[PDB]
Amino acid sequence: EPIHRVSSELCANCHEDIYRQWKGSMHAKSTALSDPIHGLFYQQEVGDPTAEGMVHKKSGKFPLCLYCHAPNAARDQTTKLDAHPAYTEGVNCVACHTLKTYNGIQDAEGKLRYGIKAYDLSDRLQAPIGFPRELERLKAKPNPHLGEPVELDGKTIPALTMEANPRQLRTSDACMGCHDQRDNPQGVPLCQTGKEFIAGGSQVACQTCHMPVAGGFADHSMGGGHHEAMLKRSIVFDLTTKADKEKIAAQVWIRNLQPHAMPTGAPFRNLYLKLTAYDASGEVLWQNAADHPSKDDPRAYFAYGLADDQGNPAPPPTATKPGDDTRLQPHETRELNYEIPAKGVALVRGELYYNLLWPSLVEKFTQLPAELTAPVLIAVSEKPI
């Protein structure tokens, strides 16, 4: 009966195109039931997503994950995510479309309020325009948003009452409760897409890039790191070479097209550059990094780490200080210079790889689907010599 427990399948009766986009997105796959990466961490940090009364294994509190990953379950104070479509559907139509007023993530006493807790919620759907039809009433597909139930194809559709809310729906208020920041228990940022967005100074709403008008309405696919086309668009990558004595001076230019860091969001996202010089038989003559750049060429590893009081790497739950951050900064163009011995080199090839998880985690959790965990080739540049 309450709007937040209405299944996305009901909406799909009249918004099939948006439904199709949404259903394939990580928003629809956000729960520990549907995303095996999040599920592995949820099991380790909280417990079974098919159990009621679960708490965080350290804090003993209602699991904070759910505020962002299973909003309608958190709205109903339940941890049993398989009990109802409102919970299995993750960040679903009504989860986003019942957010009314964004209060910010930090309250006046400094308490962090995540996900649905950063908002006043409505029992009415919230829309960018709604149906401002008072003038038409004053003068005087089926639409269930006009104050009454409607019949569709012989089936009664309940009233799905709606309010216009342009400031919520058209600005970053639509995203920030879940995407601004998340800190560990010592206050260290884990995710910090909002602080990055502030620092970089952009005035573009997340939707302008992430909900583009295509085919005449706002695209709900909202792909990021799970979507290779988006990742290839997300940077400009180029390789230049000049002669330099008996070396080849190779310049790798990487421009971040985003107003947040690249890669933003989860702390384990990372990129790395492989730059390789080959002879004319295709045999390797030189490489920037023999194996993984994190170990062999740190300037070519673009990542965030956390640290202990000593500055040394620490697991995210116990870290007390940010570690180094070599990710591309908002709208940054990074130049990396290499000096390659020229003898026999016929081809210099640069490759930029994106990864959902740190290599430590990929090496450990080898039962995760290999399609998830494999490096993603997101840019290539070749120069013949």
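In this text, residue numbers run from 1 along the sequence as written.
Novice: Answer with none, 1 to 3, 4 to 9, or 10 or more: how many deposited residues between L135 and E136 are not present in the coordinates.
Specialist: Going from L135 to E136, the model skips no residues of the deposited sequence.
Novice: Given the B-factors recorded for C-alpha atoms, which segment has the greater mean, 272-280 or 285-293?
Specialist: Stretch with the higher mean C-alpha B-factor: 285-293.
Novice: Take the C-alpha B-factors listed in the entry for 339-347 and for 28-36, compute each mean, and give the stretch with the larger one.
Specialist: Averaging CA B-factors over each stretch, the winner is 339-347.
Novice: Compare the CA B factors listed in the entry for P330, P49, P63, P322 and report the winner.
Specialist: That would be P322, according to the entry.
Novice: Going by the CA temperature factor in the entry, name the top one among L99, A118, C93, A249.
Specialist: Of the options given, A249 has the highest CA B-factor in the PDB entry.
Novice: Based on the entry's values, in what third of the chain does the Cα temperature factor of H220 lie: lowest, middle or highest?
Specialist: It belongs to the lowest third of the chain when residues are ordered by C-alpha B-factor.
Novice: Could you say whether, by C-alpha temperature factor, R124 belongs to the lowest, middle or highest third of its chain?
Specialist: According to the entry, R124 has a C-alpha B-factor in the chain's middle third.
Novice: Sort the modelled residues of this chain by their C-alpha B factor and say whether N355 lands in the lowest, middle or highest third.
Specialist: Lowest third, going by the recorded CA B-factors of the chain.
Novice: Relative to the other modelled residues in the chain, which third contains the C-alpha temperature factor of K245: lowest, middle or highest?
Specialist: For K245, the deposited C-alpha B-factor lands in the highest third.
Novice: How does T208 rank on Cα B-factor within its chain, lowest, middle or highest third?
Specialist: Middle third.
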